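Notes follow once the structure below has been shown.
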Amino acid sequence: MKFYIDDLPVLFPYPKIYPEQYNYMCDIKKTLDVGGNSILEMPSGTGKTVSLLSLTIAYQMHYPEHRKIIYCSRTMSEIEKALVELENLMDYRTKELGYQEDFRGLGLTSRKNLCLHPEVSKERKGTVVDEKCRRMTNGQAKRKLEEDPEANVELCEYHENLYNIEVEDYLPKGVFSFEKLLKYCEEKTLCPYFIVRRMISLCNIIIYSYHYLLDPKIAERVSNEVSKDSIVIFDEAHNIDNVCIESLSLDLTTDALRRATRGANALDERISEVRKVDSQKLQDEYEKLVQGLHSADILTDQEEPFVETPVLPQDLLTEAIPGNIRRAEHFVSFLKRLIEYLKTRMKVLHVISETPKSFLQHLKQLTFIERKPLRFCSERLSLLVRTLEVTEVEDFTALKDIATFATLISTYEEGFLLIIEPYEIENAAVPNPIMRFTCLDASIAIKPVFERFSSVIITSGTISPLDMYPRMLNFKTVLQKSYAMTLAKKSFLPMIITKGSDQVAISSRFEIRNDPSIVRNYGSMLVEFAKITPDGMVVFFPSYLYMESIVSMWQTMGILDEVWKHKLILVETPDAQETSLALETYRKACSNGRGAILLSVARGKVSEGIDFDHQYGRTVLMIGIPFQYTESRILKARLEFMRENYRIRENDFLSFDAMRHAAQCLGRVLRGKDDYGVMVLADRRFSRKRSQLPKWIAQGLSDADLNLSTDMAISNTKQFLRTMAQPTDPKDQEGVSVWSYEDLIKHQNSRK
Amino acid sequence: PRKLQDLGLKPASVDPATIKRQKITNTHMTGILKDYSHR
Amino acid sequence: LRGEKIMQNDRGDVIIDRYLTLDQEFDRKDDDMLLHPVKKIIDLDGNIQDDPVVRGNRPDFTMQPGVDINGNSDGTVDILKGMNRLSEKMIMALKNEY
Amino acid sequence: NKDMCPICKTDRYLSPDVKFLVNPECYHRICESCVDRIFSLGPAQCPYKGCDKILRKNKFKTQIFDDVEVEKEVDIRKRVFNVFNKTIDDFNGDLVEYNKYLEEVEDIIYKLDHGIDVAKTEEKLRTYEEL
Ligand code: SF4
Ligand SMILES: [Zn+2]
Ligand SMILES: [Zn+2]
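Protein chains in written order, with the authors' numbering: chain 0, 1 to 752; chain X, 275 to 296, 311 to 327; chain 1, 296 to 393; chain 3, 9 to 139.
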């Protein structure tokens, strides 16, 4: 349809529109017009991405500011889905306006997911792919070939072919998803990664993940190209704190330090050989360093620093090199003694938690390393590695971790902690000491975003309660609200099971993980629900270890044998490729009617973007509250920091963290309003967490289902499925849950 | 073993002193009833 | 083949045990037979490779495969992979030449 | 030269209480028993093959770092910093001069570490301690 807001015409790509979608678009427009940030919670069963794209695109194409759009999701599959939705919307707009309006919309990702080189795309890790692509595109090979054609160094045809054409003619006008972009770039022998990286500054809407906006290692270069007045959308942003925390966290192991020593020795030998044969490079680098130049002024735009900036751009010192690490040999000795200090600190016999200030003071006492020279470690190492002609950097890969740790610890002092644990795994014959540098404040990484961008939309399907997010991340919202879906008939049945058919309490507490009664009760619940579930059944476990142990117990008891008769069994595995193939097999089994059951981890890879709708997702078994590991030093320190700073109780934060993932898994069942499912939360502890669930799930959770039994839940599930299998009366949803153009006009007239 | 432990060397033995050493009413049915004492 | 953890105490049969390594090789061959590029919609490898320079805090032992005192795998992941491969093989066998 | 005294070959297995000390003069590992037996009466030549530098018992100390080269460099750094000790305010905030001074100190430390100009560098240290 094509309807009108107060002054903004918006073209919806469907003849029908939901009242929730209309209200959501109105609220988003109000937020954009008034300026500031907002928090929106939309039900998972109502089109959210389509409404967001429609309203934002109409806003940008109608108003004269023509503000660009930045879309930030949590996963690459979500980027693909958003790009597909954008392509559909643009197709509708092109069919309605009579012409293809000037528009360019691209996604952005790493080299591993966009490489077409037959010899570089066959790697199992992205770091190696990046290193090889740098070897083929840094310009060293091109310069060597220019000076001497006989040089055996080879180039990348995809990268070379781009120089022939201009940036504005890289791709035709339109929206390019990853699949279409790969097909086009394969047909024309071009590099999609470089196409996107060079067209970000020109696209109307750019779609990427939260890492490309929060992680300073890859965020600075991309952010330097986007506009300052663009709209910012955070889709599925309920789990943004974890990303913000992991952005500025490092872990060092004994193997890492042992490899760093070897890397330092190799660097010293390389410096010696280059000193013997070609020293003018060292002299030139030293001369440039003396004036006060940095990596920005030394490195060309074509090349990149060896060590990614681990701190935010605003926290980098703008002064010249201190002088202690101005020379190659002096810097090498400094780095070597830093590594030795780390090694001698890795010998503690009990957990030690210390602040960066204390660590720096002890360093300055035992050795003579000052804070300022430490702050420049990564930058100096990047310049040195660039100038030493180190085409093979396998030996030097280790020094990156040391540089990152040094530049972080010497940079930040508040909201950061250093934990040294003699036992990385308590269940180990020999000690394996580990040093973790952890960020406790989740607002440090996101402050620059909230200050640089004026209007920020934070939208999600299971972001509740909305009051904590402004508390946890220091930002203020003009409005924060959640929508209640105006269902004509109940389509999803949420229930909580606190005990088994034997009336014995059931829980997923780790200390009682290996309990015959609880394990057998869970297995009986699984079998009974699988017997009645038509096509698909997703089970989410609190942790992978718990899933493994309980599955082994079920295998011994023979419950899996009973499940096999009715459905195939697919299990999530650590290997990402194997998990993806398992997902494909599960979808095929659900489509062909064979019936399948998928076991996964509530905090795993499936729950962070894979969506089960219609035939794929019918019943969701949340086996226990996905509580984090309480006996974790990092989590305990974060809880203490939050209690002291934001006045958030440890129990409250833990319950919020678990309920957030439970709701995340729950919300992957509905796409439209014609989809239905049964959502069983199997734990005695959910009975008091109804107020903590999202509003649209709490409203559907009845008081009689707060504490049920397995048999009674099976009966309710059978009745609910039988009821939902009947044809819906069109009049029951003609104008109460689905609105036509006339109904929308009537709503606008009544409201006005 | 005590001397070996005192010198910090693990002793692979123990002191042997520490080894703790460790009117029936009806009779026409006689010879018929098996003793199902336990289950 | 039943997807049960093998116990070292169990004696087994001498004749049949000769084929265990051949079964390992056959499992590798079947893994290659089943492996193929996956659609970007449900491509989980791309999710982890989206940012190849992610360095944070290593996951707790509850988020990693079970291990024993000696540090080697406990073997419970093997049965999971076995059942997963069984389901995949059945589904693939459905899509035959016929 | 892994876990036993090179002189008396006292293995840690047979001597769990063995503790190895180091001497800055030559940085040669030696056990406390050997130190006591060889240097109790007075100074004597180092008990090593190829080392003829005398040392005193009072100079022995416990090794901090596991790398002898870094230990040597850090000890020489301590000796240098005990003489060349200045702050940013010493140059009235002149960062260029402070950086040049730091570079000179690092060069002196490197020369002492690698024996480039031992006599001249030591004479310069002796003069600067006076001034
Ligand atoms: S330039 Fe593009 S195609 Fe060539 S190696 Fe790099 S990422 Fe791959
Ligand atoms: Zn000795
Ligand atoms: Zn000696």
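Cβ coordinates follow ideal geometry from the N, Cα and C atoms, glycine included.
Asked, Found
"Terminal residues of the alpha helix (DSSP H) in which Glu379 (chain 0) lies", "377 to 387"
"Enclosing alpha helix (DSSP H) for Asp11 (chain 3) [first to last residue]", "Counting along the chain, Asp11 (chain 3) falls outside any alpha helix (DSSP H), and DSSP gives it neither H nor E."
"Under the three-state DSSP convention, the category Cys203 (chain 0) falls into", "coil"
"Reference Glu354 (chain 0), options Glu421 (chain 0), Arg471 (chain 0), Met642 (chain 0), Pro373 (chain 0), closest by Cα", "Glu421 (chain 0)"
"Test: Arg20 (chain 3) CB closer than 7 Å to a CB of chain 0", "no"
"Residue-chain proximity (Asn9 (chain 3), chain 0), Cβ-Cβ < 7 Å", "no"
"Limits of the unbroken beta strand (DSSP E) element including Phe437 (chain 0)", "434 to 439"
"Residue span of the alpha helix (DSSP H) that contains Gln359 (chain 1), given as start and end", "Looking at the DSSP string, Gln359 (chain 1) is not in any alpha helix (DSSP H), and its letter there is neither H nor E."
"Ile343 (chain 1) versus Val167 (chain 0), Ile339 (chain 0), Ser209 (chain 0), residue with shortest Cα-Cα distance", "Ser209 (chain 0)"
"Members of the segment 560 to 578 of chain 0 near chain 1, C-beta cut-off 8 Å", "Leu560, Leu568, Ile569, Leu570, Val571, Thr573, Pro574, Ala576, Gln577, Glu578"
"Where the segment 294 to 326 of chain 0 meets chain 3: residues whose CB sits under 9 Å from a CB there", "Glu319, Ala320, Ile321, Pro322, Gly323, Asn324, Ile325, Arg326"
"Under 8 Å by beta carbon: chain 3 residues contacting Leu366 (chain 0)", "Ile72"
"Residues bridged to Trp739 (chain 0) [DSSP beta-bridge criterion]", "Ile17 (chain 0)"
"Closer than 7 Å to chain 3 by CB, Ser279 (chain 0)", "no"
"Extent of the continuous alpha helix (DSSP H) to which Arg323 (chain 1) belongs", "315 to 329"
"Interface flag, residue 288 (chain 1) vs chain 0, CB-CB below 7 Å", "This structure does not reach residue 288 (chain 1), given that chain 1 is present from 296 up to 393, and the question cannot be answered."
"Closest by C-alpha distance to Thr619 (chain 0), when choosing among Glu562 (chain 0), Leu681 (chain 0), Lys183 (chain 0), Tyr22 (chain 0)", "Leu681 (chain 0)"
"Under 9 Å from the C-beta of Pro51 (chain 3): neighbouring residues of chain X", "None at all; the shortest Cβ gap to chain X is about 32 Å."
"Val449 (chain 0) versus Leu487 (chain 0), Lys228 (chain 0), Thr391 (chain 0), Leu316 (chain 0), residue with shortest Cα-Cα distance", "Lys228 (chain 0)"
"Beta carbon of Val222 (chain 0) nearer than 7 Å to that of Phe306 (chain 0)", "no"
"Through-space distance from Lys605 (chain 0) to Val10 (chain 0), alpha-carbon basis", "36 Å"
"Entirely enclosed alpha helix (DSSP H) segments - the segment 166 to 191 of chain 0, minimum 4 residues", "178 to 188"
"CB contact check: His362 (chain 0) to chain 3, cutoff 7 Å", "no"
"For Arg380 (chain 0) and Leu171 (chain 0), the rounded distance between their alpha carbons", "38 Å"
"Within-7 Å CB hit, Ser580 (chain 0) to chain 1", "yes"
"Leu408 (chain 0): CB within 6 Å of a non-hydrogen atom of ligand 1", "no"
"Cross-strand partners of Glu319 (chain 0) (DSSP beta bridge)", "According to DSSP, which records beta bridges pairwise, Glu319 (chain 0) is partnered with nothing at all."
"Check: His238 (chain 0) C-beta below 6 Å from any heavy atom of ligand 1", "no"
"Buried versus exposed, by CB contacts within 10 Å (16 or more), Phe89 (chain 3)", "exposed"
"Rounded C-alpha distance that separates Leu570 (chain 0) from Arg594 (chain 0)", "13 Å"
"Local conformation of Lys673 (chain 0) per DSSP, three classes", "coil"
"Where the beta strand (DSSP E) containing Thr556 (chain 0) begins and where it ends", "Counting along the chain, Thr556 (chain 0) falls outside any beta strand (DSSP E), though it belongs to the alpha helix (DSSP H) covering 544 to 557."
"Minimum Cβ-Cβ distance from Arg85 (chain 3) to chain 0 less than 7 Å", "yes"
"Same chain only: Cβ atoms within 8 Å of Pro431 (chain 0), ignoring 5 sequence neighbours per side", "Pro422, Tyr423"
"Nearest-angstrom beta carbon gap, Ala141 (chain 0) and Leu155 (chain 0) [assumed within contact, 8 Å]", "5 Å"
"3 or more residues per run - each beta strand (DSSP E) lying fully within the segment 595 to 630 of chain 0", "596 to 601, 619 to 623"
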